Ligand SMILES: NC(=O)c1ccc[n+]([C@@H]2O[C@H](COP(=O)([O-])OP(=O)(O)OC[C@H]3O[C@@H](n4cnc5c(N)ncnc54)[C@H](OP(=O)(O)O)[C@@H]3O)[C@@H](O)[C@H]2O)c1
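The data below hold one chain only, encoded as structure tokens and taken in the form solved without the ligand.
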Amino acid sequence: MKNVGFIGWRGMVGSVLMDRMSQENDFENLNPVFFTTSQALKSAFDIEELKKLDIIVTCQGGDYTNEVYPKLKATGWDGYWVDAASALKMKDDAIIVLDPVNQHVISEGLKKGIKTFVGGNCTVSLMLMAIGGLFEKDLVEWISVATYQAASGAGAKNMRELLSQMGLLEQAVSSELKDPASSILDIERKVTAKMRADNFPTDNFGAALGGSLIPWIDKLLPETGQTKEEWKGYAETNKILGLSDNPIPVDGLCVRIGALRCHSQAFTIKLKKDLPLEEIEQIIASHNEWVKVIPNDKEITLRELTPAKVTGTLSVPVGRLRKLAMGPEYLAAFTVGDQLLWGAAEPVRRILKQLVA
């Protein structure tokens, strides 16, 4: 069997990966070797120990990658490098994996001899998993996006900070809330005051998230005015699709909200030709087994199309499907997907599965 090393398997993304792997009995088809950065299990920095592996699966992070990857490749190591971190995302010798969407891209690369595979951006992955069909028919001219991103994409400490923030907000008016006759204005007055207090914990986000939102994720890219996060819409969507020559416009705004691990996305999709709403749905629904077309119905939308419903599941519901007033060429869609699964660990688990078959 293939000898696979795992790095950063104790982190959050790594932990999700490990759990999914056990759930699917993925460990039965390979020889796993676990590494650690601790000096208190092999050393993640031992190049010779890593040289013996046929495959490397790391969820350790970019710095680790940028440090160890070159040295290892520098020894002549000819194995596979599977990364959850974005470091190599845009390398010519690397492919961004999302097999239910770009298997054909993955296969070809394997043919050519590509040995480095990287997991893609959560928002872009969740999008493609939702509306892959449209791209699979070359019907997407461009897409404007507005996201409602979860805290888990930022990190474990950010998720905890969101929760602490929610706690203090309620605690600020805990008794007033229990009194059915209390003034709502007095209440928000206090909640808002606590939110603005010096002691309101906002070190990780740099701003309040609970009870609010932050219309800015990642650093600003002077060139385009986009933030790195928004920039990935165009770059990554196209690299994944193998449309480096005929890029499809994907752009919009990325905003963080008080959700733990599911990203949501509102889309305005410019279709090449006009098609019946029902035909579009069928196209969307038939692309893969995880996407789920939610009927434009209130009750069902409230039960299915929410972070509350999808968290921790592999389902990728897409709904609110309908034509936009700008013309039959314009389609409206809203989707919800777990950031830690299809937006992180699941794409990684799947490529590994293929490499050890």
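Position 1 is the first residue in the sequence shown; the rest follow in order.
Here the subject shifts to the form solved in complex with the ligand, a form of this protein not shown in this document.
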{"property": "Region of this chain that lies against the ligand in the bound PDB entry, out of 196-204, 150-158, 237-245, 281-289 [heavy atom, 4.5 Å]", "result": "150-158"}
{"property": "Contact flag, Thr37 vs the ligand in the bound PDB entry, heavy atom cut 4.5 Å", "result": "yes"}
{"property": "The ligand contact at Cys59 in the bound PDB entry, heavy atom, 4.5 Å", "result": "yes"}
{"property": "The ligand contact in the bound PDB entry: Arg10, any heavy atom under 4.5 Å", "result": "yes"}
{"property": "Proximity of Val336 to the ligand in the bound PDB entry, heavy atoms at 4.5 Å", "result": "no"}
{"property": "In the bound PDB entry, the one of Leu88, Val97, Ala84, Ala208 near the ligand [non-hydrogen atom within 4.5 angstroms]", "result": "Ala84"}
{"property": "Heavy atom distance at most 4.5 Å to the ligand in the bound PDB entry, all of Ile131, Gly133 and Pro317", "result": "no"}
